[PDB]
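Below you will find one chain, with nothing else, as structure tokens; this is the form deposited in one PDB entry, and questions on how it binds or moves follow later.
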């Protein structure tokens, strides 16, 4: 930031300078004939330095008589603003050893103005990492009384916005001749809005809209003087056409010909992305939708300590995903609404005061049951301290809509991983994949449904003489079946082997992309049926469970009874309770299992946001 101002030996030169900015001083054309030395003097508050044009260092210049040298340069800096027009002046006298009087004088009158646009940097760049800085802008997609109005007709809406301060110290008469403009690119204008305060902090009409869809420039009138306040709100989440950076500029113009800019200052905001929460984080609220299932959900939520929302609106986990957007001023949860259409339930009953709304309509096999996220991992040499997004798809060669894929990919904080779920009838990730908190290892355990685990369990209990134990025994009458009938069913075993191979492909992809080992994976017994189509749960799917910290709700599998207790439940306990978890089995055969869904496919959860702040993610 350097501005060259040249002076004249025949007349004084007048210049307006910004505080802190260095000004190099030179002249138009040659020095007096016999010039051998020079002196330079400055008004109090004006710093003058001598420096070789090749040297990084500076040196005070108003204390000596310097031998003339065209390779030297004088720098003038004023850290404080002026009080009147032409407050200060710099005087350069040219001396010789022939006559005792100065050969000539060069006078530069200076008016210092302090103009700077600033925000909370937590001026021209936004950097990731532990050494990061920059303003973070929320989207404000909630209802406090919001992202649609052109006014600020609310009392706590400003708590979601970001503050911007324009310091405009200086003499008042200067602004009779100069002009201040706050502007932004029309592209950035179509992505955020700003409001200028006039009736400070009391009335909602005080905040007047000055930059928006049509407005790309606003002349700040300096109502308060030497300082103006602006409240900025983002209008768009990052997507395939929006990198996520919004820059605002302030310009001082010398107003003949036209207005000409003399100084420009910038503030660059980054739009905070949408973040998902895995089942490993502590829960906040349980959401549920005849039903002797809400009773068990309420009991388990009370045992876990979470409020519950009941809805008579007729699959609450397929329609919406509960995430959050975090900023240093406020971190509010935001709901993503699935393109499947409970189509009105998010917009109506979920948009609380601090609860934002985002959705992507493609105008459809994909729902937010197929949308999950892993715990923090380390893989491919990189770190993912907020986990990675897990979605469904096919192998290279039935995919989620491209709008949702681009939206998830563009958040940059949880790099998504595509899996193989096409082989399933409905096609949700939570049909074969789940996560659970573990007190050892990598802090968690990945639960995968394995037909081979059911093979091992049934064969082991059959070698003891319990092959005549009946599955689906204690249900409302569908067709009871024994262990010997299942193990000797050739087609069922072959199809479950195919399912196991699909889940093995997904297992290897998971171990690769999440950097997990075998000691972190737990195989849960689960068999699958087929009606000349894709795969559905034979007995209630166990991995499709709700996980609230220490308490997990698992669908009652109604497996073969050996000692008066379902041995599938005993295997689930022997696999999960060593991790300290409490296994509560819910009767989920009458309301949901016949309709291709389980508890996790009928119960949604909000979680505590991550402790790791996303600006340090270093994507």
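Rigid core: the largest C-alpha set superposing within 1.5 Å between the two forms. Residue numbers count along the first chain shown, from 1.
Below, we refer to the form deposited in another entry, which is not included among the displayed structures.
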Position with Cα shift of 2 Å or more, rigid core superposed between this form and the one not shown, options 405, 215, 349, 229: 349
Displaced residue check between this form and the one not shown: residue 100, CA, 2 Å or over, core reference: yes
Residue 30 C-alpha moves between this form and the one not shown by 2 Å or more, core aligned: yes
Closer or farther in the other entry: C-alpha pair residue 348, residue 235 (3 angstroms or more): closer
Shift in CA distance, residue 209 and residue 348, in the other entry relative to the form shown here, given it is 3 Å or more: closer
